[PDB]
Structures are given as structure tokens and as C-alpha cells.
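In C-alpha cells, one chain follows: the form deposited without its partner chain.
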């Protein structure tokens, strides 16, 4: 039985799993966010990718498709056809709700780049059906990467809210086969998020459930999940001190009991300790 491990790397050298950005802090969600349903950065502890999560960061928050000046008909990132009515979106498709996207579009075999501005709210945005509005992108084949974000066009005047995912479906049909929501199962526990600074006209922090390098590590190791939760220490590499105990659950997320965690340094390393009960009572981070 292969033992369960996490990478022997400090958080500050790793990447967000919802955009190709360095991790800059650890945080918890605001009081009004209890569950989340991210579609990227979703990996079980025995290495099963769900949602649109790819193995590699080179696929994260990217699109690929053919514009006819009216819609972009999406494919997978390698050009493989994307079939409608099966999943939320192609592998790697951006999952940032609560904002407008600005995607940098390039082409194989042609010069220059084009900014593609995406409102994710209207009925023409239907990646579940393989199609999204072109919004002025001329005909051709493109690959795009998320470049910056701005406040959502609708509802007018609302703020950026990166705890959300976009509406992959439409009034024609709801999207199917999304990755399910995650919630903190233990007493006094809250979800733990890895945060990155996102370019745009505000102080944007993108949360994710797991660094991308954790995902490729788990997808490779495929260690059997022999227990109900993975007890972890967050370890300071300078002193070797245990800065707090955490629990990782098999669906692929971490929890803690806040004192706090948001004020933890980013240069630490998560180390597996042992398998514990789902209801192991964590002591508050710090206290």
C-alpha cells in the first residue's frame, strides 16, 4: 500500500489551480460563504480529477475554438472535439464566476494577440453546449488564456466575487455532471483556500482548494485513501515548529478551526501526520 504524501515544497513556490498564478497567501472564506463548487482544482486524495480539472497548469483557465464572428465553437485544448450535453465545459475552461473575463487570444501560424471580453451571464454563454458568444472576435481558430478580470457586466454595479463559478448552462438546459459542492464536515471547521493575486482594476484574490502541484502529485501517487481524513501539520521551515493542525478530506480539500489561518506565513509546508476520524476535533490555528 503506497503511503499518502503531499509535496515536499513550500506553498510560496506553488501555483493556484484556477489560474496560472503564484500562491501568495492562505485564507478562509468570508462568513457568508459556507460551501463552494469550483470546477478546476478538484482532485480526490487518491488522485481522481473531477470537473474540468487538468493534470497540468499549462491547461488551466484556457480556451480553444473556432469563431465564425458570432459564436466560438469550443474544442478541447489539443483540438479534440468537445461533445455537448456531457459536462460543464472542456477540460481547463475558466471557472471564475462573479466577474467579466478578459482572455488573451493567439493563433498557431498567425501574428498578434486579441483581447476577448467575456460576459458569462447571458444565454449566449453556453460552454456546456460547446458554444460561447464571439463578441467581436473575427473568424478563425484561436487559443486563449485568461489574462485579467473586471467587475461583472450583470447585474450592473455588482462587485467581483471569485467564490462563485459561472453559469455553464442556459435557459435551454442546465449544465450536467458538474463537480459537486464541498463543505467543512467537522465541528467549528471552515474551508482553507490558497490565494493568488489576479490582475485587474481591483485588489483581486483568487481562492482555490488545492495548489496545482498538489494535484499533479496526487494524480501521480494515487495513494489509497485508507482513512476518513488526513491529519496534517503546517510546518515552518525555519524553526521546524508546527504552526497548526489541518484536516484533508478524501474529496480533496482542507479544513481548519480558526483562532488566525489568514495570518499564517506562506513559506511553510504541509506534512501528512496520520489518518484520523472524520470528526477529529482540531485545535484552533495558533491557540
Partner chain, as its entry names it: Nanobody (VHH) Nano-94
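Positions refer to the first chain, counted from 1. We call the rigid core whatever largest set of C-alpha positions still superposes within 1.5 Å between the two forms.
One more form of this protein exists, namely the form solved in complex with its partner chain; it is left out here, but the text below deals with it.
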Completion exercise
Assert contact residue (its partner chain, in the deposited complex, non-hydrogen atom within 4.5 Å, options 28, 257, 36, 231) equals 36
Handout entry: residue 209: touches its partner chain in the deposited complex, heavy atom cutoff 4.5 angstroms
Key = no
Exercise for the section: Give a yes or no for residue 190: in the deposited complex, does one of its heavy atoms lie within 4.5 Å of a heavy atom belonging to its partner chain? Expected result: no
Practice task
Look up in the deposited complex whether residue 139 has a non-hydrogen atom within 4.5 angstroms of its partner chain, and give yes or no.
Solution key: no
Practice task
Flag residue 166 as yes or no: does it have a non-hydrogen atom within 4.5 angstroms of any non-hydrogen atom of its partner chain in the deposited complex?
Solution key: yes
Handout entry: Residues in 86 to 122 with any heavy atom within 4.5 Å of its partner chain in the deposited complex
Key = 97, 98, 120, 121, 122
Problem - Residue from 98, 84, 199, 122 whose Cα, after superposing the rigid core, lies 2 Å or more away between this form and the one not shown - result: 84
Exercise for the section: Kindly check if the Cα atom of residue 171 is displaced 2 angstroms or more between this form and the one not shown relative to the superposed rigid core. Expected result: yes
Problem - Note on residue 171-residue 70 C-alpha separation in the deposited complex, which departs from the shown form by 3 angstroms or more - result: farther
Handout entry: Comparison of CA distance in the deposited complex with shown form for residue 37, residue 172, at least 3 Å
Key = closer
